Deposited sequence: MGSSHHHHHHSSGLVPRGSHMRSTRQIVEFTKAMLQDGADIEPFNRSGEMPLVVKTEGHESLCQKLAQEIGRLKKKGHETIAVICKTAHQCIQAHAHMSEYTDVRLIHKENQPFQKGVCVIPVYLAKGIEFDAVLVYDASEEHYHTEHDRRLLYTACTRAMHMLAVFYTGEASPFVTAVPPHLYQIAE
């Protein structure tokens, strides 16, 4: 139900039909520059018509940090419990609460090798990226997750 480009990107992460824009991978220096560039990309995606936009973090604890820092640049809804209603707009949400929800656009928060390197992490990263129906962006600080670096570079564009 996602785009061919998103399906091919995410399939390539598991090394161990509609069309859309290429997944975007974005390198950043630190959580503050990360949150700034996330905020800019959210503004771009809103203008292009995305109505449900998820910044997906690995854990609830990371969500709180992400939400606090993103709030410096834009307004974002923190998703922290199951009974929060699905609505249009921008949210910060952990993988385990995003499971089986579909968003127009997903921005993966800090897909670094520090945060995503175990096989458990691989399942979490895959789950996060497959929530995206129309646009996927993968942001990271420092060094990218091995599961991102492993994706053939023709399957994504860089910023």
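Chemist: Counting from 1 along the deposited sequence, which stretches were left out of the model?
Modeler: No C-alpha coordinates exist for 1 to 21, 38 to 44, 188.
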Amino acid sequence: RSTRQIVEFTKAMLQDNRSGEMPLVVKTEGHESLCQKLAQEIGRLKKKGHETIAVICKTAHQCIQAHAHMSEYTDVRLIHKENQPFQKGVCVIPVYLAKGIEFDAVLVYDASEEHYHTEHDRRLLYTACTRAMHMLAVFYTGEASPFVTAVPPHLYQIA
From here on, numbers count along this sequence of modelled residues.
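Chemist: Averaging the C-alpha B factors as listed in the entry, name the stretch that ends up higher: 145 to 153 or 131 to 139.
Modeler: The stretch with the larger average C-alpha B-factor is 145 to 153.
Chemist: Averaged over C-alpha atoms, is the B-factor higher for 39 to 47 or for 120 to 128 in this PDB entry?
Modeler: The entry gives the higher C-alpha B-factor average to 39 to 47.
Chemist: Among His61, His31, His67, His115, which carries the highest Cα B-factor?
Modeler: Most elevated C-alpha B-factor of the set, per the entry: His31.
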